[PDB]
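Residue numbers start from 1 in every chain, and the chains themselves are labelled A, B, ... in the order their sequence lines are given, proteins ahead of strands. Computed from heavy atoms alone, side chains included, the values below leave out hydrogens, waters and symmetry copies.
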Amino acid sequence: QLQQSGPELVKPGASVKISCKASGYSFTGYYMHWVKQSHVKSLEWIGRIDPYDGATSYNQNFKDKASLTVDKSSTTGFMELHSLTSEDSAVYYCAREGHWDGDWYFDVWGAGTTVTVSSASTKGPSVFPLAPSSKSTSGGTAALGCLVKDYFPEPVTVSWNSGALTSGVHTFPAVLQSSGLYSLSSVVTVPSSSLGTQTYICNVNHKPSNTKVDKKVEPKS
Amino acid sequence: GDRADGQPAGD
Amino acid sequence: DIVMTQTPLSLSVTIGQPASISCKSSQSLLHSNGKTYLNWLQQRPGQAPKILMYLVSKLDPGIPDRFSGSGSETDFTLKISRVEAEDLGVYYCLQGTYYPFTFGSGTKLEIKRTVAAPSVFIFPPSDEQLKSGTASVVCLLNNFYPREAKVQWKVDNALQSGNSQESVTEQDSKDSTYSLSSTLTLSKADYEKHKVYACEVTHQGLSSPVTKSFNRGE
């Protein structure tokens with residue numbers, strides 16, 4: 001697979017270098033390409049690098065904007081984006097051009113790095129339980145969750161029971177508050193019969209500010 | 001020959 | 001650069017029915033070497049794009065065979081013989097014949113399923129948040145279809161405006177439903193001025209509005 005670096009806040013005019021660690025295949029055997037996904041969901045190819053010799057080929061629109069390097073000894077590829085403006089806020093993917101039955105196409109993608117260009121400062125969220133009660137029961141099931149309030153920028157990562165509880169989770173799109181800060185909730189539906197034995201913990205990781213919160217969500221007593 | 005190849009629009 | 005134009009730009013297909021998406025390229029994608037470098041990708045909500053088909057018609061080996069592609073040198077069609085819940089998302093064509101690689105704009109596929117009414121839940125503010133001076137009340141509408149729903153907040157049976165925000169999930173890749181939350185935010189002072197907090201939910205799967213409420217401090 002391919003493992004990209006976490007999300008980035010970047011001041012306008014500044015630069016940032018994002019990375020893409022390759023594992024499980026021969027690094028210098030395949031091109032590593034980089035793709036920008038703008039918030040309107042348009043995809044554009046940025047360029048590619050030959051990890052064997054460091055040779056780069058760039059989309060002409062990103063010539064002054066991106067530079068591709070590679071570190072053989074750490075089988076990791078890097079894209080540096082220069083002199084950033086509002087138009088460079090987006091999700092950046094790396095992808096391996098692989099081969100199958102004698103043809104070439106993009107066959108492994110990293111998960112994306114969100115870059116937000118802003119002069120505002122990063123700010124970690126406050127996390128509050130949404131406790132289950134008689135007002136959040138239906139059909140013998142209970143809903144519960146966490147309110148993740150007042151952070152900047154996107155994205156914040158929410159998981160439940162350290163990744164073990166995924167079925168029935170809904171982590172909603174963030175809303176933009178009048179303050180210019182974001183909030184979201186993440187909820188899960190569970191058996192109501194098991195609220196006395198199971199433990200439900202929402203894990204919140206807001207990497208831009210290096211903020212991590214675990215909140216155990218319990219019934220009100 | 002162990003060297004990367006890919007679709008012609010990459011260069 | 002080569003222009004890739006997709007049509008339609010969105011469509012909504014009932015589970016089990018066929019779907020068809022086309023792409024036109026502004027020039028022949030037939031390379032000198034006899035190959036036609038036209039690819040199709042799917043991007044599900046929350047995921048990276050994924051190659052479905054390359055060389056117009058060749059299926060990636062992990063792709064189910066209800067997908068097929070056809071085409072000439074300039075016009076191409078991706079067909080799903082019978083859509084399933086996991087086919088949701090945005091579909092892109094991509095040409096690799098001429099530098100630079102270029103994508104189309106994307107066609108968003110929604111999966112139509114049977115009408116499902118929301119299950120509605122309401123959450124008072126936590127004591128933790130109250131201590132800090134604000135009260136968020138959350139109303140949750142879970143697993144409904146189609147996505148249009150109306151939420152109204154009533155406080156001591158007076159309709160509220162201007163003090164709430166909502167957002168709706170992407171479509172679910174397993175059951176094809178949506179969920180929505182609506183959050184009412186007051187100061188702690190204004191919260192403590194009132195007794196009954198209610199959200200009233202309208203949805204075409206409901207024959208009258210559904211109300212979930214609590215009394216402050218129970």
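By the 4.5 Å heavy-atom criterion applied to side chains, C/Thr183 and C/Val137 are not counted as neighbours. Side-chain contact check for C/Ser136 versus A/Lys149: some heavy-atom pair is nearer than 4.5 Å. C/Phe103 is not listed as a side-chain neighbour of A/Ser42, based on a closest heavy-atom distance of 4.5 Å or more. The closest side-chain heavy-atom distance from C/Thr185 to C/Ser164 is not below 4.5 Å.
With salt bridges taken as basic N to acidic carboxylate O contacts below 4.0 Å, one links C/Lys35 and A/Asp103. A salt bridge links A/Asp50 to B/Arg3: one of the charged nitrogens lies within less than 4.0 Å of a carboxylate oxygen. With salt bridges taken as basic N to acidic carboxylate O contacts below 4.0 Å, none links A/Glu8 and A/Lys207. Under 4.0 Å is where a charged nitrogen must lie from a carboxylate oxygen, and between C/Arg66 and C/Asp87 at least one such pair does.
Looking only at distances, no side-chain donor or acceptor of C/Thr14 sits under 3.5 Å from a matching main-chain atom of C/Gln17. Distance alone, capped at 3.5 Å, places no donor-acceptor pair between the C/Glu170 side chain and the C/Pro45 backbone. Side chain of A/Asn161 to backbone of A/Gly163: no donor-acceptor contact under 3.5 angstrom is found. Formation of a donor-acceptor pair under 3.5 Å by the A/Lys65 side chain with backbone atoms of A/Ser83 is found in this model. The closest donor-acceptor contact from the side chain of C/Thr177 to the backbone of C/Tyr145 lies at 3.5 Å or more, if one exists at all. The backbone N or O of C/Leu94 lies less than 3.5 Å from a partner atom in the side chain of C/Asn39, making a donor-acceptor pair. Of the possible polar contacts, one joining the C/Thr102 side chain to the C/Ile2 backbone as a donor-acceptor pair under 3.5 Å is found.
Of the inter-residue distances, the one linking C/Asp65 atom CG with C/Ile80 atom CD1 reads 12.5 Å to the nearest 0.5 angstrom. For the atom pair OH (C/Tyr92) and CD (C/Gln43), the distance works out to 5.0 Å, reported to the nearest 0.5 Å. Annotation: the span from C/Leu141 atom CG to C/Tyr178 atom OH amounts to 14.5 Å, rounded to 0.5 Å. How far NZ of C/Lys108 is from CD1 of C/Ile21: 13.0 Å, rounded to the nearest 0.5 Å. Here the OG atom belonging to A/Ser183 is positioned 9.5 Å from the CZ atom belonging to A/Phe128, to the nearest 0.5 angstrom. The CG atom of C/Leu55 lies 13.5 Å from the CH2 atom of A/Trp104; values are rounded to the nearest 0.5 Å.
Residue C/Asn33 places its CG atom among more than 12 non-hydrogen atoms of other residues, nucleotides or ligands, all under 6.0 Å distant.
A/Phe106 has its ring centre less than 6.0 Å from the ring centre of C/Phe101.
A cation-pi arrangement is present between A/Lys17 and A/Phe78, with the terminal nitrogen or guanidinium carbon under 6.0 Å from the aromatic centre and inside a 45° cone about the axis.
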